[PDB]
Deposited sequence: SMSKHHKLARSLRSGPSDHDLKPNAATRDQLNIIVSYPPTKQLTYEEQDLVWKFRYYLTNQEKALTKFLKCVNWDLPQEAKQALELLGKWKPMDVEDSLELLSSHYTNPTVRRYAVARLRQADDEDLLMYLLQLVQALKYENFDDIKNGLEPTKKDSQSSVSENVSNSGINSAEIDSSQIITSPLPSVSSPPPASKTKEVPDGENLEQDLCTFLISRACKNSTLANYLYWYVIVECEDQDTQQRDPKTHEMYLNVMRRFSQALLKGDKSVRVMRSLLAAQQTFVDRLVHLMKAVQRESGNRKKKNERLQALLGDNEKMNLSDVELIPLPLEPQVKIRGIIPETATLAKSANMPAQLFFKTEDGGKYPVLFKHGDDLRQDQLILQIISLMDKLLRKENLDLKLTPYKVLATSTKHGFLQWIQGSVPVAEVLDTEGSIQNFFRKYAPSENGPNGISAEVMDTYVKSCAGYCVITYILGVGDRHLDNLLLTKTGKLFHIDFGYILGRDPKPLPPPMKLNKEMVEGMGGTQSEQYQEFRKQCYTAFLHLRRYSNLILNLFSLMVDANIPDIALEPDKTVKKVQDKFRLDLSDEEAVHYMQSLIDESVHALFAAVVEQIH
């Protein structure tokens, strides 16, 4: 009941803990970021605050122990904040969560992020746009309406908002994602209905972003008109989808309405435009859609498969979905993209396919089409087995089961990567139509409708493996199966080392209207944390991951 600062003031700047207390502190400081500290642990961290200033990891624990309402305590806390060994860029993300409200703490977080490369920011931007919900809305407003018409209707100590707009003005890729991430937050009907002040803050972000662009030099002013061109392109694509959906008849009559409307550029302006960034991948500039190859994909939703002509004379296939919230897929593909990058940083390239996903609204968006990919179901239906498929398309005399050594190496690696990633992310509703293969050996998952332990069945296997994948490698007695097990436990150990970053990213998503998070927001981070088995040592994690694989594979046969 007596304030921590009253039970220990600045007089004991010289406290050093004994051997036992150091071991207790090292355990508290190593906790996952959203594990609740007991009052006793918070007292212990407060007590040895001056000692803990030498541990950058300890600062996030320390700031959660402060009574920010007690002026003298906040004063002492902010003095220590200044003295603290500066935390890592990755680790600052935690201070932009809902659990920190102190403006000096939130400004210190942004000052740490400022040290990051644009490559890193892009990897965290989906979550930094969520983090705006925890900023000071009044300060956002003081920086200075249909959100989709802001960018198209030009008039004739940083906080998070100021920082994101400043970095976006210098980097066209960052600008592109910032634009589309904020548009989707503005179009969110639940935010509009349940949280009008939050909707208003996101409108204010977009109006500030527009004004910063209109104030910039020639290059920066052109960025605005390129965002405007993408916005009006997507608006036309949506108009076109509504027309094709409003057509009575069958896939063939619908496909002719699609090709006809794409074919009329004076009407729709979709087949022949000045180079615009592809919203899905803005590094790729597009000349327009090829009308005569456009068709509806064979599914219930009937997304348009569209081929974009690129500035370098390539074709970039996408799906455009209308009447579908892509945000859950967008988050999972962004996290797989991050996991893939962390594995490559540690020199493990597991030949993953983090294909691009962008919501252009809560109701429509793009997915990258991986050209030459086929569902495993189709590989089975046509060639009987994965090994038959690989023998037909990548044969090798002196190679495993007569298959190219490079293709089998790619297959083993990608099977391992996806078995560990789909296990960590608790991906459900796995079957041979949402498992895809390429002729280069790449296996990958699509359609992330069930995540974080959800499944159509109540007790799904924790490891998402099937008989056909293992027979693909040449069964349980092959060198390839051994190499698969080794790559699984290696990948698991590497991702555990980034558990602080991955759990902080999910922490920043608990207020996003992503269905499988919205179900149980307060339980979301813990469901990811448990999969890392952070109660186990590295050696025990290896044995645990081998049990999971052995038990899953034993049951399959």
| query | finding |
| --- | --- |
| Deposited positions without coordinates, collected into consecutive stretches in sequence order | 1 to 6, 151 to 174, 187 to 206, 608 to 615 |
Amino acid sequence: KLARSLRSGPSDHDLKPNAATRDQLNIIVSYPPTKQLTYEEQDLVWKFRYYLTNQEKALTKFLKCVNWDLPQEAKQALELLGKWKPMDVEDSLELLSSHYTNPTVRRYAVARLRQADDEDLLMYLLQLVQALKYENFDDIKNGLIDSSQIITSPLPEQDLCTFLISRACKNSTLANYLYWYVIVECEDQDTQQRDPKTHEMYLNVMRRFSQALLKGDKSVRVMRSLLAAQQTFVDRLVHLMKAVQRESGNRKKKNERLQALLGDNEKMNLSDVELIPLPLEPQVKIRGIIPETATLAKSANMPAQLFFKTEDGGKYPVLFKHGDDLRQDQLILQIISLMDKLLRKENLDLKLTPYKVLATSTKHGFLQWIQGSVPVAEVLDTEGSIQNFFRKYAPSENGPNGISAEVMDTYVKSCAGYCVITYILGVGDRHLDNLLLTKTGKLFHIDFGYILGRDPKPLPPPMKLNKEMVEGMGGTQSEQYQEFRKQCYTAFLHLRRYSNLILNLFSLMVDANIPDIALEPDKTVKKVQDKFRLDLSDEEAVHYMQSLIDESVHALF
From here on, numbers count along this sequence of modelled residues.
item	value
Given 547 to 555 and 1 to 9, the range whose Cα B-factors average higher in the PDB entry	1 to 9
Mean C-alpha temperature factor, higher of 128 to 136 and 85 to 93	85 to 93
Deposited CA B-factor, highest of 349, 409, 266, 329	266
Residue, from 524, 26, 60, 499, that the PDB entry assigns the highest Cα B-factor	26
Residue 37 CA temperature factor, ranked by third within the chain	middle
Assigned third (lowest, middle, highest) for the C-alpha B factor of residue 372	middle
Chain third (lowest, middle, highest) by recorded CA B-factor, residue given as residue 495	lowest
Residue 240 by Cα B-factor - lowest, middle or highest third of the modelled chain	middle
Where the record places residue 100 (Cα B-factor, split into thirds across the chain)	highest
